[PDB]
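Report on the following structure.
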Amino acid sequence: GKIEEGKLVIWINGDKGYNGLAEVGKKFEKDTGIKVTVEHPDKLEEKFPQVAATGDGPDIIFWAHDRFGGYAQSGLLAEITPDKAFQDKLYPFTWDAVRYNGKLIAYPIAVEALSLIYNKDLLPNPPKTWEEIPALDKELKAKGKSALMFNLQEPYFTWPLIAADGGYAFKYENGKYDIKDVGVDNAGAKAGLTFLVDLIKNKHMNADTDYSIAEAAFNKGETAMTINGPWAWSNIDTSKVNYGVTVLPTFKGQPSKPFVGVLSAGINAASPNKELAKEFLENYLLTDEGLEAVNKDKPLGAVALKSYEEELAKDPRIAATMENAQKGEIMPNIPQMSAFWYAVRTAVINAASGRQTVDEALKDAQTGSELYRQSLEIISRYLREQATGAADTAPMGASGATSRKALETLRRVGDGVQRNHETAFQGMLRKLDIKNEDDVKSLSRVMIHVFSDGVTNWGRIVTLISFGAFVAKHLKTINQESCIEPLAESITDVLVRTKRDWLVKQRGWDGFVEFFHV
Ligand SMILES: COc1nn(C)cc1C(=O)N[S@@]1(=O)=NC(=O)c2ccc3c(c2)N(C[C@@H]2CCO[C@H]2[C@@](CN2CCN4CCOC[C@@H]4C2)(OC)/C(F)=C/C[C@H](C)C1)C[C@@]1(CCCc2cc(Cl)ccc21)CO3
Ligand SMILES: OC[C@H]1O[C@H](O[C@H]2[C@H](O)[C@@H](O)[C@@H](O)O[C@@H]2CO)[C@H](O)[C@@H](O)[C@@H]1O
């Protein structure tokens, strides 16, 4: 479809101040005659990449910054180019959250971190440790109350505990992420998640508790504590619960480490209203009055706009938010975050329900989180060595035995496919007529159509990759060697995105090696 000209459609999550945002839209309309429509669809962060890929969707999308690198990598976002005067009005670390491959890809709005929220009438002093919560629940159950209820369906809420004793997503050292170094199934992560599962086993929490259940229980005074962000404070105010916002409990003497989000506003690359969107965001929303309108609906947290943040920073709930933020870590925005989150969401749900043990659940989450990088390493190396006739001497890195053995297996079975199907490979190569970087970009839809819609097995995966190597050899011959790495990335994307669940079920590339073991 085509995004309509002369209006703005905005998407924002249903937990945020969308009525306040609509009020800013009405002010925009008053000046310009342009109607602003604010919507809060379910699963908007999943919807957006689907609809935007076809040139459809909202003009402006709001989400935490972690999803935006994926959207940008997919060509779904307009580059943001504010002048120095405007840039200097927001905190530099907030612009850093929305920078991807050296370009600004959204406007930052506000810094979000989870805090412990407690009912002062039930618990005059909140617990400093996770370890004391079982005893406190036992005390409270004798009064017809519980200690703690929070959303167990979204890993954002359980991550602070998983991270506390050493769980991590992608290792960060010397100002750099090692995307090859994933910390989901280490001893620290296991300790955190085992503690959560034990809370459930011992009937201190219920695996089925979700956002709405926890919110209602806290706001009705049935549970003494919850874990939530600034957006939740409005409904708690309405409830008249005597609440405090404080630092999350420690685990094994170490701080809980929330993953810190920057609510951000991106502009759809397919929007014909980009100048209207820029005007709205810079001169209506990111002003004291614009942020106030949203904040009075549902609190934003620590806003990116220095002038308004100076007012808000006096609020002890914001101080608490920022204390927790400083103990946590800013989320990456790398495209791999979506997969990391899906993998950890499934692990927590399965461990909490008893569908899998903690060890089983975190193993699968490690494999899912490593899948893209490991797949790319194997596929890129095979294509490149096939094209040039010489292997890559660089170390395989993390899970290197698997990568090496997968590459050796792929050499055996993939060369066999190419050899036996040479005429068919030649025919398809000529039919596809691949000449340059632009023609390579067209192959994804063809790969999805042919590969992803057929039967899922290792044989057809070998064919996918083997035909890729055949194409790579051709590209080298015609002085298009620079196209090979983009080709490898494209094949990897199709494989891992469309066969994610199947691949994890096979133990990823270890399953491949096992399947073709001679
Ligand atoms: C015991 O059995 C086996 N052991 N082992 C080890 C393998 C098998 C086995 O049987 N495998 S098999 O079932 N696999 C497939 O069929 C298959 C799987 C994935 C594919 C993939 C195909 N394709 C079409 C092929 C390529 C050459 O001619 C093709 C084919 C079959 N195709 C199927 C789709 N139709 C659509 C209409 O036009 C004709 C076309 C024909 O042609 C005969 C072929 F060679 C199949 C042989 C496979 C080995 C059979 C390539 C593809 C689409 C093109 C773009 C593009 C680009 C890159 Cl970079 C990379 C890939 C692609 C997607 O990836
Ligand atoms: O649970 C995984 C989920 O976490 C974060 O989403 C948060 C969001 O940042 C908050 O603003 C609020 O809406 O709660 C969400 C959790 O339900 C990530 O931003 C998101 O990408 C991820 O899927």
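Letters A, B, ... go to the chains of the structure tokens in the order shown; residues in each chain start at 1; ligands are counted from 1 in the same order.
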
Kindly work out which residues sit at most 6 Å from ligand 1, using only C-alpha atoms and all ligand atoms, and give the list as a ChimeraX atom specification. /A:413,417,421,424-425,428,443,446-447,450-451,459-460,462-465,467-468

Once you have the residues from the selection above, write them out as a tab-separated table (two decimals), in the first residue's frame, restricted to N, CA and C atoms.
chain	number	residue	atom	x	y	z
A	413	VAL	N	28.96	-32.25	1.87
A	413	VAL	CA	27.63	-32.45	1.30
A	413	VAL	C	27.25	-31.39	0.26
A	417	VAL	N	26.25	-31.70	-3.78
A	417	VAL	CA	25.06	-31.10	-4.41
A	417	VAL	C	25.44	-30.32	-5.68
A	421	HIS	N	24.22	-31.51	-9.28
A	421	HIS	CA	23.22	-30.60	-9.87
A	421	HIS	C	23.82	-29.41	-10.66
A	424	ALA	N	21.49	-27.96	-13.53
A	424	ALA	CA	20.35	-27.27	-12.91
A	424	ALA	C	20.78	-25.95	-12.26
A	425	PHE	N	21.93	-25.97	-11.58
A	425	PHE	CA	22.48	-24.76	-10.96
A	425	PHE	C	22.80	-23.71	-12.04
A	428	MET	N	19.46	-22.09	-13.37
A	428	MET	CA	18.87	-21.13	-12.45
A	428	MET	C	19.69	-19.84	-12.39
A	443	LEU	N	17.20	-11.32	-4.52
A	443	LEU	CA	17.19	-12.76	-4.26
A	443	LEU	C	16.46	-13.21	-3.00
A	446	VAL	N	12.90	-14.37	-3.61
A	446	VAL	CA	12.98	-15.63	-4.36
A	446	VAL	C	13.38	-16.80	-3.44
A	447	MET	N	14.41	-16.59	-2.62
A	447	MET	CA	14.82	-17.56	-1.60
A	447	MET	C	13.70	-17.92	-0.63
A	450	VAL	N	11.03	-19.98	-2.74
A	450	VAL	CA	11.46	-21.33	-3.08
A	450	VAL	C	11.85	-22.12	-1.83
A	451	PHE	N	12.80	-21.60	-1.06
A	451	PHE	CA	13.34	-22.34	0.09
A	451	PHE	C	12.36	-22.42	1.26
A	459	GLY	N	18.90	-31.21	4.18
A	459	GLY	CA	19.19	-31.33	2.76
A	459	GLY	C	18.89	-30.05	1.99
A	460	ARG	N	17.67	-29.54	2.17
A	460	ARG	CA	17.24	-28.32	1.47
A	460	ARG	C	18.00	-27.08	1.97
A	462	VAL	N	21.21	-27.27	2.84
A	462	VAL	CA	22.46	-27.41	2.08
A	462	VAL	C	22.28	-26.88	0.66
A	463	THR	N	21.16	-27.21	0.02
A	463	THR	CA	20.93	-26.70	-1.33
A	463	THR	C	20.91	-25.18	-1.34
A	464	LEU	N	20.17	-24.57	-0.42
A	464	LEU	CA	20.13	-23.11	-0.28
A	464	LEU	C	21.54	-22.51	-0.26
A	465	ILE	N	22.38	-23.04	0.62
A	465	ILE	CA	23.72	-22.51	0.82
A	465	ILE	C	24.64	-22.84	-0.35
A	467	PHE	N	23.76	-23.45	-3.55
A	467	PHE	CA	23.44	-22.57	-4.67
A	467	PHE	C	24.02	-21.17	-4.42
A	468	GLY	N	23.97	-20.69	-3.17
A	468	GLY	CA	24.66	-19.46	-2.78
A	468	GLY	C	26.15	-19.45	-3.13

10 Å contact set for residue A:485, only C-alpha atoms, chain neighbours under 4 positions out, as a ChimeraX atom specification: /A:376,379-381,383-384,472,481,489-491

Considering only strand (DSSP E) as DSSP defines it on the backbone, what residues of stretch 117-287 of chain A qualify? List them as a VMD selection string. chain A and resid 117 to 119 146 to 148 168 to 173 176 to 183 223 to 228 243 to 246 259 to 267

Would you mind exporting N, CA, C and O atoms of the selected residues as a compact mmCIF listing (two decimals), in the first residue's frame?
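Output file out.txt follows:
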# COMPACT_ATOMS: atom_id res chain seq x y z
N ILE A 117 8.42 -1.15 43.11
CA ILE A 117 7.32 -0.29 43.58
C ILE A 117 6.72 -1.05 44.75
O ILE A 117 6.42 -2.24 44.63
N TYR A 118 6.55 -0.37 45.89
CA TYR A 118 6.09 -1.06 47.09
C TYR A 118 4.99 -0.27 47.78
O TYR A 118 4.92 0.95 47.67
N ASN A 119 4.12 -1.00 48.47
CA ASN A 119 3.01 -0.43 49.22
C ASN A 119 3.49 -0.18 50.66
O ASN A 119 3.69 -1.14 51.40
N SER A 146 0.27 -10.99 49.47
CA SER A 146 1.48 -11.62 48.96
C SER A 146 2.55 -10.56 48.91
O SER A 146 2.24 -9.36 48.90
N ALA A 147 3.80 -11.00 48.84
CA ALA A 147 4.95 -10.10 48.75
C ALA A 147 5.06 -9.41 47.39
O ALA A 147 5.19 -8.18 47.34
N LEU A 148 5.02 -10.18 46.31
CA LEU A 148 5.49 -9.66 45.01
C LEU A 148 4.72 -10.24 43.85
O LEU A 148 4.56 -11.46 43.77
N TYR A 168 24.23 -12.09 30.75
CA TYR A 168 24.35 -10.96 29.84
C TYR A 168 23.86 -11.35 28.45
O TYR A 168 23.76 -12.52 28.12
N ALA A 169 23.48 -10.35 27.68
CA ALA A 169 23.03 -10.55 26.29
C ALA A 169 24.26 -10.66 25.37
O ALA A 169 24.61 -11.77 24.96
N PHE A 170 24.91 -9.53 25.10
CA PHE A 170 26.10 -9.48 24.25
C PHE A 170 27.18 -8.79 25.08
O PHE A 170 26.95 -7.69 25.61
N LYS A 171 28.34 -9.44 25.24
CA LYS A 171 29.43 -8.92 26.09
C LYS A 171 29.89 -7.54 25.62
O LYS A 171 30.03 -7.31 24.42
N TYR A 172 30.09 -6.61 26.56
CA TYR A 172 30.56 -5.26 26.26
C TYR A 172 31.89 -4.98 26.97
O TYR A 172 31.93 -4.94 28.20
N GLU A 173 32.96 -4.80 26.19
CA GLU A 173 34.30 -4.48 26.71
C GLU A 173 35.08 -3.58 25.74
O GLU A 173 34.90 -3.69 24.52
N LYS A 176 33.12 -1.73 23.04
CA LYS A 176 32.68 -2.57 21.91
C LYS A 176 31.86 -3.78 22.38
O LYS A 176 32.19 -4.41 23.38
N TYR A 177 30.79 -4.09 21.64
CA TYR A 177 30.06 -5.36 21.81
C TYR A 177 30.81 -6.47 21.11
O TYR A 177 31.29 -6.27 19.99
N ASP A 178 30.91 -7.62 21.77
CA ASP A 178 31.27 -8.86 21.10
C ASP A 178 29.95 -9.59 20.90
O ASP A 178 29.46 -10.28 21.80
N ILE A 179 29.36 -9.41 19.71
CA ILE A 179 28.13 -10.11 19.33
C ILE A 179 28.31 -11.63 19.31
O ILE A 179 27.34 -12.36 19.45
N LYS A 180 29.56 -12.10 19.19
CA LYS A 180 29.87 -13.53 19.27
C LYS A 180 29.80 -14.08 20.71
O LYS A 180 29.67 -15.30 20.89
N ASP A 181 29.86 -13.19 21.71
CA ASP A 181 29.90 -13.57 23.13
C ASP A 181 28.54 -13.30 23.80
O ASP A 181 28.26 -12.17 24.23
N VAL A 182 27.74 -14.36 23.90
CA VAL A 182 26.40 -14.33 24.48
C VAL A 182 26.41 -14.98 25.87
O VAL A 182 27.00 -16.04 26.05
N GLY A 183 25.75 -14.36 26.85
CA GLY A 183 25.82 -14.77 28.27
C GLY A 183 24.49 -15.22 28.88
O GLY A 183 24.19 -14.92 30.05
N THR A 223 -1.08 -7.27 46.78
CA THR A 223 0.33 -7.63 46.83
C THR A 223 1.12 -6.41 47.27
O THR A 223 0.78 -5.28 46.91
N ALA A 224 2.18 -6.64 48.03
CA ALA A 224 2.96 -5.55 48.63
C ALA A 224 3.93 -4.87 47.67
O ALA A 224 4.38 -3.76 47.95
N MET A 225 4.30 -5.56 46.59
CA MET A 225 5.35 -5.07 45.70
C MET A 225 5.06 -5.47 44.28
O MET A 225 4.45 -6.50 44.03
N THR A 226 5.54 -4.63 43.36
CA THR A 226 5.55 -4.97 41.94
C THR A 226 6.83 -4.41 41.33
O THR A 226 7.59 -3.71 41.98
N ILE A 227 7.08 -4.78 40.06
CA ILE A 227 8.23 -4.29 39.32
C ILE A 227 7.66 -3.68 38.06
O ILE A 227 6.97 -4.34 37.31
N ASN A 228 7.92 -2.40 37.86
CA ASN A 228 7.35 -1.72 36.69
C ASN A 228 8.08 -0.45 36.42
O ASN A 228 8.95 -0.04 37.19
N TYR A 243 2.34 4.39 47.90
CA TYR A 243 3.45 3.67 47.26
C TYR A 243 4.78 4.41 47.27
O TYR A 243 4.84 5.66 47.31
N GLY A 244 5.85 3.63 47.25
CA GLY A 244 7.18 4.15 47.05
C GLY A 244 7.79 3.48 45.83
O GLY A 244 7.36 2.39 45.44
N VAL A 245 8.77 4.17 45.25
CA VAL A 245 9.57 3.67 44.10
C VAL A 245 11.00 3.66 44.56
O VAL A 245 11.52 4.68 45.02
N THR A 246 11.65 2.50 44.46
CA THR A 246 12.97 2.34 45.01
C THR A 246 13.87 1.42 44.19
O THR A 246 13.46 0.87 43.16
N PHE A 259 17.61 -3.74 31.94
CA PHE A 259 17.98 -3.28 30.60
C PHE A 259 17.25 -1.97 30.39
O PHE A 259 15.99 -1.95 30.45
N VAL A 260 18.00 -0.89 30.14
CA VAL A 260 17.50 0.48 30.11
C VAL A 260 17.06 0.82 28.67
O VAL A 260 17.82 0.61 27.72
N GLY A 261 15.84 1.34 28.53
CA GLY A 261 15.30 1.71 27.23
C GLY A 261 15.20 3.21 27.09
O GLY A 261 14.98 3.93 28.04
N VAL A 262 15.35 3.68 25.87
CA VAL A 262 15.11 5.05 25.52
C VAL A 262 13.91 5.00 24.57
O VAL A 262 14.03 4.55 23.42
N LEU A 263 12.75 5.43 25.05
CA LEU A 263 11.59 5.60 24.19
C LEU A 263 12.01 6.56 23.10
O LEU A 263 12.53 7.63 23.40
N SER A 264 11.78 6.14 21.86
CA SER A 264 12.24 6.84 20.66
C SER A 264 11.17 6.89 19.60
O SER A 264 10.30 6.03 19.55
N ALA A 265 11.26 7.90 18.72
CA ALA A 265 10.30 8.12 17.65
C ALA A 265 11.04 8.07 16.32
O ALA A 265 11.88 8.94 16.05
N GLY A 266 10.74 7.05 15.51
CA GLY A 266 11.32 6.93 14.16
C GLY A 266 10.32 7.34 13.11
O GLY A 266 9.10 7.25 13.30
N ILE A 267 10.86 7.77 11.96
CA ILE A 267 10.05 8.19 10.83
C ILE A 267 10.14 7.10 9.76
O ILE A 267 11.21 6.71 9.35

Using only C-alpha atoms and all ligand atoms, which protein or nucleic acid residues are at most 8 Å from ligand 2, as a PyMOL selection string? chain A and resi 13-16+45+63-67+112+153-157+229+260-263+337-338+341-342+345

Those same residues, written as a PDB file, in the first residue's frame with C-alpha atoms?
ATOM      1  CA  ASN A  13       2.453   1.200  22.710  1.00  0.00           C
ATOM      2  CA  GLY A  14      -0.733   0.866  24.726  1.00  0.00           C
ATOM      3  CA  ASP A  15       1.073   1.351  28.075  1.00  0.00           C
ATOM      4  CA  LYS A  16       2.227   4.881  27.130  1.00  0.00           C
ATOM      5  CA  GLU A  45       6.875  -3.676  17.292  1.00  0.00           C
ATOM      6  CA  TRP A  63       9.212   2.149  20.758  1.00  0.00           C
ATOM      7  CA  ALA A  64      12.259   1.700  22.980  1.00  0.00           C
ATOM      8  CA  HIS A  65      15.474   2.156  20.984  1.00  0.00           C
ATOM      9  CA  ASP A  66      16.468  -1.534  21.076  1.00  0.00           C
ATOM     10  CA  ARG A  67      14.213  -2.440  18.086  1.00  0.00           C
ATOM     11  CA  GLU A 112      12.974   4.130  31.070  1.00  0.00           C
ATOM     12  CA  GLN A 153       5.329 -13.119  30.348  1.00  0.00           C
ATOM     13  CA  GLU A 154       7.805 -10.521  29.124  1.00  0.00           C
ATOM     14  CA  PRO A 155      11.517 -11.088  29.776  1.00  0.00           C
ATOM     15  CA  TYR A 156      12.133  -7.356  30.237  1.00  0.00           C
ATOM     16  CA  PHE A 157      10.793  -7.772  33.802  1.00  0.00           C
ATOM     17  CA  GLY A 229       8.335   1.405  34.877  1.00  0.00           C
ATOM     18  CA  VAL A 260      17.502   0.479  30.113  1.00  0.00           C
ATOM     19  CA  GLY A 261      15.296   1.715  27.227  1.00  0.00           C
ATOM     20  CA  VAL A 262      15.105   5.054  25.518  1.00  0.00           C
ATOM     21  CA  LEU A 263      11.591   5.597  24.188  1.00  0.00           C
ATOM     22  CA  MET A 337      18.056  -7.878  19.784  1.00  0.00           C
ATOM     23  CA  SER A 338      14.685  -9.137  18.442  1.00  0.00           C
ATOM     24  CA  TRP A 341      14.340 -11.222  23.257  1.00  0.00           C
ATOM     25  CA  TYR A 342      12.316 -13.986  21.600  1.00  0.00           C
ATOM     26  CA  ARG A 345      10.980 -14.839  26.499  1.00  0.00           C
TER      27      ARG A 345
END

Which residues are near residue A:187? Cut-off 8 Å, only C-alpha atoms, ignore same chain within fewer than 5 positions. Put them as an MDAnalysis selection string. chainID A and resid 165:167

For atom CA of residue A:85 and atom CA of residue A:110, the interatomic separation in Å (one decimal): 18.9 Å

List the spatial neighbours of residue A:131 as a list in words - criterion: any atom at most 9 Å away, only C-alpha atoms, same-chain residues fewer than 4 positions off excluded. residues 127, 135, 195, 249, 250, 251 and 252 of chain A

Could you find all residues in stretch 213-372 of chain A that DSSP calls helix (DSSP H, G or I) from the backbone, and write them as a VMD selection string? chain A and resid 213 to 219 230 to 239 274 to 285 288 to 297 306 to 312 316 to 327 337 to 353 358 to 372

Could you save those same residues with C-alpha atoms as a JSON list (two decimals), in the first residue's frame?
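Contents of the output file part-v3.json:
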[["chain", "number", "residue", "atom", "x", "y", "z"],
["A", 213, "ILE", "CA", -2.83, -9.37, 36.69],
["A", 214, "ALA", "CA", 0.16, -7.86, 38.52],
["A", 215, "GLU", "CA", -1.04, -4.28, 38.02],
["A", 216, "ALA", "CA", -4.54, -5.07, 39.34],
["A", 217, "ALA", "CA", -3.17, -6.96, 42.36],
["A", 218, "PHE", "CA", -0.83, -4.11, 43.35],
["A", 219, "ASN", "CA", -3.36, -1.33, 42.69],
["A", 230, "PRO", "CA", 7.32, 5.08, 35.05],
["A", 231, "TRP", "CA", 4.29, 4.60, 32.78],
["A", 232, "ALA", "CA", 2.65, 2.53, 35.57],
["A", 233, "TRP", "CA", 2.63, 5.35, 38.13],
["A", 234, "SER", "CA", -0.57, 7.00, 36.78],
["A", 235, "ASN", "CA", -2.79, 4.03, 37.52],
["A", 236, "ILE", "CA", -1.17, 3.61, 40.95],
["A", 237, "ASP", "CA", -1.90, 7.33, 41.69],
["A", 238, "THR", "CA", -5.56, 6.76, 40.69],
["A", 239, "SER", "CA", -5.70, 3.74, 43.05],
["A", 274, "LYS", "CA", 8.68, 13.32, 6.53],
["A", 275, "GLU", "CA", 8.87, 17.13, 6.82],
["A", 276, "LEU", "CA", 5.55, 17.21, 8.70],
["A", 277, "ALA", "CA", 6.85, 14.40, 10.97],
["A", 278, "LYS", "CA", 10.10, 16.29, 11.70],
["A", 279, "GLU", "CA", 8.15, 19.48, 12.48],
["A", 280, "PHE", "CA", 5.78, 17.59, 14.79],
["A", 281, "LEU", "CA", 8.55, 15.82, 16.68],
["A", 282, "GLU", "CA", 11.01, 18.72, 17.03],
["A", 283, "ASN", "CA", 8.67, 21.69, 17.47],
["A", 284, "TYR", "CA", 5.55, 20.19, 19.10],
["A", 285, "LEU", "CA", 6.45, 17.01, 21.00],
["A", 288, "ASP", "CA", 8.40, 21.41, 27.60],
["A", 289, "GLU", "CA", 4.66, 21.67, 26.84],
["A", 290, "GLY", "CA", 4.58, 18.65, 24.48],
["A", 291, "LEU", "CA", 6.38, 16.34, 26.89],
["A", 292, "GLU", "CA", 4.25, 17.63, 29.75],
["A", 293, "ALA", "CA", 1.05, 16.69, 27.88],
["A", 294, "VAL", "CA", 2.31, 13.11, 27.40],
["A", 295, "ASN", "CA", 3.85, 12.88, 30.89],
["A", 296, "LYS", "CA", 0.58, 13.98, 32.61],
["A", 297, "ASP", "CA", -1.19, 11.10, 30.83],
["A", 306, "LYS", "CA", 17.25, 18.86, 29.25],
["A", 307, "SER", "CA", 14.97, 21.80, 30.10],
["A", 308, "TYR", "CA", 12.03, 19.60, 31.15],
["A", 309, "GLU", "CA", 14.19, 16.89, 32.74],
["A", 310, "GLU", "CA", 15.56, 19.57, 35.10],
["A", 311, "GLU", "CA", 12.01, 20.01, 36.49],
["A", 312, "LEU", "CA", 11.25, 16.25, 36.60],
["A", 316, "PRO", "CA", 12.13, 10.99, 44.00],
["A", 317, "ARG", "CA", 10.42, 8.43, 41.71],
["A", 318, "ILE", "CA", 12.61, 9.70, 38.85],
["A", 319, "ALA", "CA", 15.68, 9.66, 41.09],
["A", 320, "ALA", "CA", 14.87, 6.00, 41.85],
["A", 321, "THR", "CA", 14.36, 5.31, 38.12],
["A", 322, "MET", "CA", 17.80, 6.76, 37.37],
["A", 323, "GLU", "CA", 19.46, 4.88, 40.27],
["A", 324, "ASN", "CA", 18.18, 1.62, 38.81],
["A", 325, "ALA", "CA", 19.20, 2.74, 35.31],
["A", 326, "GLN", "CA", 22.79, 3.40, 36.47],
["A", 327, "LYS", "CA", 22.96, -0.11, 37.99],
["A", 337, "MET", "CA", 18.06, -7.88, 19.78],
["A", 338, "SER", "CA", 14.68, -9.14, 18.44],
["A", 339, "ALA", "CA", 16.04, -12.72, 18.38],
["A", 340, "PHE", "CA", 17.65, -12.35, 21.81],
["A", 341, "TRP", "CA", 14.34, -11.22, 23.26],
["A", 342, "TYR", "CA", 12.32, -13.99, 21.60],
["A", 343, "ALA", "CA", 14.82, -16.58, 22.83],
["A", 344, "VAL", "CA", 14.80, -15.31, 26.47],
["A", 345, "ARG", "CA", 10.98, -14.84, 26.50],
["A", 346, "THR", "CA", 10.51, -18.52, 25.58],
["A", 347, "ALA", "CA", 13.15, -19.61, 28.13],
["A", 348, "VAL", "CA", 11.54, -17.74, 31.03],
["A", 349, "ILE", "CA", 8.00, -18.90, 30.13],
["A", 350, "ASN", "CA", 9.10, -22.52, 29.73],
["A", 351, "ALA", "CA", 11.20, -22.59, 32.90],
["A", 352, "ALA", "CA", 8.42, -20.91, 34.90],
["A", 353, "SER", "CA", 5.77, -23.39, 33.61],
["A", 358, "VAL", "CA", 16.30, -24.03, 33.78],
["A", 359, "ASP", "CA", 19.26, -25.77, 32.08],
["A", 360, "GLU", "CA", 17.16, -26.87, 29.09],
["A", 361, "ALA", "CA", 15.50, -23.46, 28.75],
["A", 362, "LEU", "CA", 18.69, -21.39, 28.87],
["A", 363, "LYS", "CA", 20.54, -23.82, 26.52],
["A", 364, "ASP", "CA", 17.85, -23.23, 23.88],
["A", 365, "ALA", "CA", 17.98, -19.48, 24.51],
["A", 366, "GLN", "CA", 21.77, -19.49, 24.05],
["A", 367, "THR", "CA", 21.42, -21.39, 20.76],
["A", 368, "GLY", "CA", 18.67, -19.05, 19.53],
["A", 369, "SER", "CA", 20.63, -15.92, 20.51],
["A", 370, "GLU", "CA", 23.87, -17.24, 18.81],
["A", 371, "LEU", "CA", 22.05, -18.52, 15.70],
["A", 372, "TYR", "CA", 22.44, -15.58, 13.33]]

With a distance cut-off of 8 Å and only C-alpha atoms, select the neighbouring residues of residue A:103, excluding the residue or stretch itself and same-chain residues fewer than 3 positions from it, and output the selection as a list in words.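 Everything that qualifies: residues 79, 80, 99 and 100 of chain A.
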
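Between residue A:441 and the residues A:175, A:74, A:111, A:128, the shortest atom-to-atom distance, using only C-alpha atoms, involves A:74.
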